[PDB]
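Comments concern the structure below.
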Amino acid sequence: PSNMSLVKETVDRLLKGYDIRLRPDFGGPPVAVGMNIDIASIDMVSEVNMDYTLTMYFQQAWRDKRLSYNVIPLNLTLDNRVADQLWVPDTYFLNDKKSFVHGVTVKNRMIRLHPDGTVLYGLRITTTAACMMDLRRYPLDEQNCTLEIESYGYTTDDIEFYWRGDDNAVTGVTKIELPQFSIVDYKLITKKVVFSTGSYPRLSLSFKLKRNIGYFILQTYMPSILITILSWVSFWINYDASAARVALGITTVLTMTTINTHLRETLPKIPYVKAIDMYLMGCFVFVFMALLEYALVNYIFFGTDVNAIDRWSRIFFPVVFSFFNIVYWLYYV
Amino acid sequence: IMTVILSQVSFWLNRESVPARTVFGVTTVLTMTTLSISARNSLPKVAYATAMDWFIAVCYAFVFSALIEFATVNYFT
Ligand SMILES: *[C@@H]1O[C@H](CO)[C@@H](O[C@@H]2O[C@H](CO)[C@@H](O[C@@H]3O[C@H](CO[C@H]4O[C@H](CO)[C@@H](O)[C@H](O)[C@@H]4O)[C@@H](O)[C@H](O[C@H]4O[C@H](CO)[C@@H](O)[C@H](O)[C@@H]4O)[C@@H]3O)[C@H](O)[C@H]2NC(C)=O)[C@H](O)[C@H]1NC(C)=O
Ligand SMILES: *[C@@H]1O[C@H](CO)[C@@H](O[C@@H]2O[C@H](CO)[C@@H](O[C@@H]3O[C@H](CO[C@H]4O[C@H](CO)[C@@H](O)[C@H](O)[C@@H]4O)[C@@H](O)[C@H](O[C@H]4O[C@H](CO)[C@@H](O)[C@H](O)[C@@H]4O)[C@@H]3O)[C@H](O)[C@H]2NC(C)=O)[C@H](O)[C@H]1NC(C)=O
Ligand SMILES: *[C@@H]1O[C@H](CO)[C@@H](O[C@@H]2O[C@H](CO)[C@@H](O[C@@H]3O[C@H](CO[C@H]4O[C@H](CO)[C@@H](O)[C@H](O)[C@@H]4O)[C@@H](O)[C@H](O[C@H]4O[C@H](CO)[C@@H](O)[C@H](O)[C@@H]4O)[C@@H]3O)[C@H](O)[C@H]2NC(C)=O)[C@H](O)[C@H]1NC(C)=O
C-alpha cells in the first residue's frame with residue numbers, strides 16, 4: 006500500500022490550502038483554457054420551438070501551477086466528486102434554453118491532474134441550445150445553428166478560450182445521423198466579444214445543418230403535384246358532362262385543403278411565407294383557377459366554339475403550371 | 234390493398250356511365266391521403282423511404298394510374 010498511500014499524501018497536499026475562489030495565476034496573465042468537444046448525438050431539431058437538443062462530452066483543459074505534482078509519474082484520475090473542491094472556468098452557453106449534467110450512476114464529471122498541472126475537466130452535458138431558424142425557404146433551407154460558449158464573469162484579461170487542437174478540437178460530428186438534417190459542415194471560431202463591461206472571451210461552434218428533402222419530397226410535394234394533375238383531367242371530360250367535371254373539381258379543391266391542414270403539423274407560425282407554404286398556395290390557387298375555368302366554360306355554354463376554348467385551355471394549363479413549377483424550383487433549388 | 238382493389242373494380246363497372254367512374258376514381262384517390270398521413274405520424278421524419286411509405290406510394294401510384302386509365306378511356310367515349 007506504499008504507492009497508494011503516497012498518492013493519497015500527494016492529493017492531500019494538492020487540495021491543502023487550495024482557494025476555489027481564485028482563478029489560476031490570480032494577479033497575472035490570462036489563463037488559457039483549452040476546449041475540446043465530442044458530440045455524442047444531435048437530435049430533435051425542433052423547428053417549431055426553434056432549437057435543437059445537443060448531447061456532448063465537454064472537455065476543457067487548463068493549466069494550474071497549484072495542482073502540479075512530481076512524485077507520481079502517472080496521470081492521477083481522481084473521483085468526479087473532487088470537482089466541487091477545485092476551481093473551474095465559469096463557462097456558460099449563451100444560447101442555452103435548458104441543460105443538465107447526466108445523473109446516473111454518479112454525476113458524470115471527470116478530473117485528471119497531470120504531473121505538470123494541467124487539469125482535464127470534462128462533463129457529459131445535454132443542452133437544448135436555441136438557434137434562430139430562418140425558415141423562409143423551408144424545406145429547401147439551411148440552418149446555421151451554433152452553441153455560443155462564453156465566460157460569464159471573467160474578462161479577457163483574466164481568462165482566454167481557444168480550441169485545443171484547433172480544427173481537431175471538435176470530433177464525432179461526422180458520425181451523427183440526424184433524421185431529416187444532414188450536417189453539411191461545422192466551423193470553429195474564436196472571438197473576443199466587446200461588451201459594455203469589457204472584452205469577454207468567446208467560442209462558437211456552428212453546424213451548417215441542411216434539410217433532407219427526401220421526406221418532404223415524399224409526403225409534401227408529391228401528393229400535391231398529383232392532386233394538381235388530377236384537376237387537368239377535368240378538361241378531358243368535356244363540357245356536356247357538366248356534373249362529372251364539377252364533381253372532379255370539387256374533390257380536388259377539398260383534397261387540397263385537407264393536405265394543407267394535415268401538413269400544418271410540426272410547423273411554426275413565422276410570418277413570411279415558407280417555401281412549402283408558397284408551393285401549397287400555388288397548387289391550391291391553380292386548382293381553384295381550374296374550377297374557375299370550368300365555371301367560365303359553362304357560362305360560355307349557356308351564352458362548337460366552346461370546344462375550341464376548351465382546346466386552348468387544355469394545353470395552357472400543363473404548360474403554365476410547368477413554367478411556374480420550374481420558376482419555383484430554380485428559384486429555391 | 235382494399236382501396237387498390239376498389240380502384241380496379243372501377244374498371245369493371247362500365248364506360249358509358251361517365252359520372253359514376255369519375256366519382257369512384259376521385260374518392261379512391263381521396264382515401265389514400267388520409268391513409269398516408271396516418272402512417273407517417275408515428276415514425277420520425279427520416280429522409281429515406283422506410284419501406285412502408287414505399288408500399289403506400291406504390292399503391293398511390295396504382296390508384297392514380299387507375300384514374301389516368303379511366304380518363305384515357307373517357308376520351309374515346
Ligand atoms: C498523461 O497524459 C499525457 C497526455 O496524453 C501523456 O503525455 C502525452 O501523450 C500524448 C499521446 O496522446 C503525446 O502525443 C505525442 O506527442 C509527440 C511529441 O509531442 C511533443 O510536442 C508537442 C508540441 O507539438 C507538445 O505539446 C508535447 O507535450 C510534446 O512535447 C508527437 O510527436 C506525437 O505525434 C506523433 O504520434 C505518433 C507516435 O509518435 C506518430 O506516429 C505520428 O505520426 C505523430 O508524428 C503525439 O502527438 C504527447 O507527446 C505526450 N506528452 C505531453 C502531452 O507532454 C502522458 O504520457 C500521460 N502520462 C502517463 C501515461 O503516465
Ligand atoms: C447549480 O449547480 C451547482 C453545481 O455545483 C450546485 O452547487 C452544488 O450543490 C450541491 C447540492 O446542493 C452541493 O452539495 C452539497 O455540499 C455540501 C458541502 O459539502 C462539503 O462539506 C461537507 C461537510 O459539510 C463535506 O462532507 C463535503 O465533503 C464537502 O467538503 C454538503 O453539506 C451537502 O449535503 C447536503 O446534501 C446531501 C445530499 O446527499 C444530504 O445527504 C445532506 O444531508 C445535506 O443535506 C451537499 O452534498 C455542492 O457542494 C454544490 N457545489 C459546490 C461547489 O459547493 C447548485 O446547488 C445548483 N443550483 C441549482 C439551483 O440548481
Ligand atoms: C455560421 O454563423 C457563424 C456566426 O458566428 C459564422 O461565424 C463567423 O464566420 C465569419 C467568416 O467565416 C467570421 O468572420 C471573420 O472570419 C475570419 C476568418 O479568418 C480567415 O479569413 C481572414 C479574412 O477574412 C484572414 O485574414 C485570416 O487569415 C483567415 O484566413 C477571421 O479571421 C475574422 O476575425 C478577424 O477579423 C475580425 C473583424 O475584422 C477581427 O475583429 C478579429 O480580431 C480578427 O482579426 C472574422 O472572424 C466571424 O468571425 C464568425 N463569427 C461570428 C460572425 O460570430 C459562420 O461562418 C457561419 N457559417 C458556418 C458554416 O458556421
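From first to last, the protein sequence lines stand for chains B and A. Throughout the first sequence, residue numbering follows the entry's author numbering, covering 6 to 308, 458 to 487 in sequence. Take any residue in the second sequence, note its place counting from 1, add 233, and you have its number in the entry's author numbering. Think of the CB as a built atom: it goes at the ideal place given N, C-alpha and C, for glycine as much as any other residue.
Simplified DSSP assignment, three categories, for residue i
i	result
B:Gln224	helix
B:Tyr167	strand
B:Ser204	strand
A:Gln241	helix
B:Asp101	strand
B:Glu147	strand
B:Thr82	coil
A:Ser250	coil
B:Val50	strand
B:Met40	strand
B:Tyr57	strand
B:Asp172	helix
B:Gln185	coil
B:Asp464	helix
A:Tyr293	helix
Closest residue to residue i among the options (Cα-Cα distance)
i	options	result
A:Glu249	B:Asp282, B:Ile242, B:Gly254	B:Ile242
B:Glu52	B:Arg465, B:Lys279, B:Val290	B:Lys279
A:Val306	A:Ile238, A:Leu239, A:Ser243	A:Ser243
B:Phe470	B:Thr458, B:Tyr304, B:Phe307, B:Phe291	B:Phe291
A:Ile234	A:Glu302, A:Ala294, A:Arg254	A:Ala294
B:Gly122	B:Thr132, B:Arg169, B:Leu72, B:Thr82	B:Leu72
A:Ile301	B:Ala252, B:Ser239, B:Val189, B:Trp92	B:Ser239
B:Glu155	B:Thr176, B:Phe98, B:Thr132, B:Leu210	B:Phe98
CA-to-CA distance, residue j to residue i, given in whole angstroms
i	j	result
B:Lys21	B:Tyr74	13 Å
residue 407 of chain B	B:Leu272	As shown, the structure holds no coordinates for residue 407 of chain B; chain B passes over it, running from 308 to 458.
B:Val106	A:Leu268	42 Å
B:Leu235	B:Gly254	9 Å
B:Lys102	B:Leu152	11 Å
residue 322 of chain A	B:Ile44	There is simply no residue 322 of chain A to check, as chain A begins at 234 and stops at 310 in what is shown.
B:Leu268	A:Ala304	29 Å
B:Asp245	B:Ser467	16 Å
B:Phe31	B:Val198	22 Å
B:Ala66	B:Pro35	14 Å
A:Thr264	B:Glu182	34 Å
B:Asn80	B:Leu118	6 Å
B:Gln90	B:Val189	41 Å
B:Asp282	B:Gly127	44 Å
A:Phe288	B:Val258	26 Å
Same chain only: Cβ atoms within 7 Å of residue i, ignoring 5 sequence neighbours per side
i	result
A:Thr283	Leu276
B:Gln185	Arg216, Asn217, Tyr220
B:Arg129	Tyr62, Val106, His107, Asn113
B:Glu298	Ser467
Cβ neighbours of residue i in the same chain (closer than 8 Å, five flanking residues each side left out)
i	result
B:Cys136	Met55, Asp56, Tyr57, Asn100, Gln148, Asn149, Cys150, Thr151
A:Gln241	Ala299
A:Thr236	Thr261, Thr264, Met265, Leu268, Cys292, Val296
Cβ neighbours of residue i in the same chain (closer than 6 Å, five flanking residues each side left out)
i	result
B:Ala174	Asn41, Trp168
Review point. Which residues count as close to ligand 3 when the rule is a CB under 6 Å from any of its heavy atoms, in chain order?
Key: B:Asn149, B:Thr151, B:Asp190, B:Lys192, B:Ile194, B:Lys196, B:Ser209, B:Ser211, B:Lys213
Check your understanding: Who's in the neighbourhood of ligand 1, going by beta-carbon under 5 Å from any heavy atom, listed in chain order?
Key -> B:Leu79, B:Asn80
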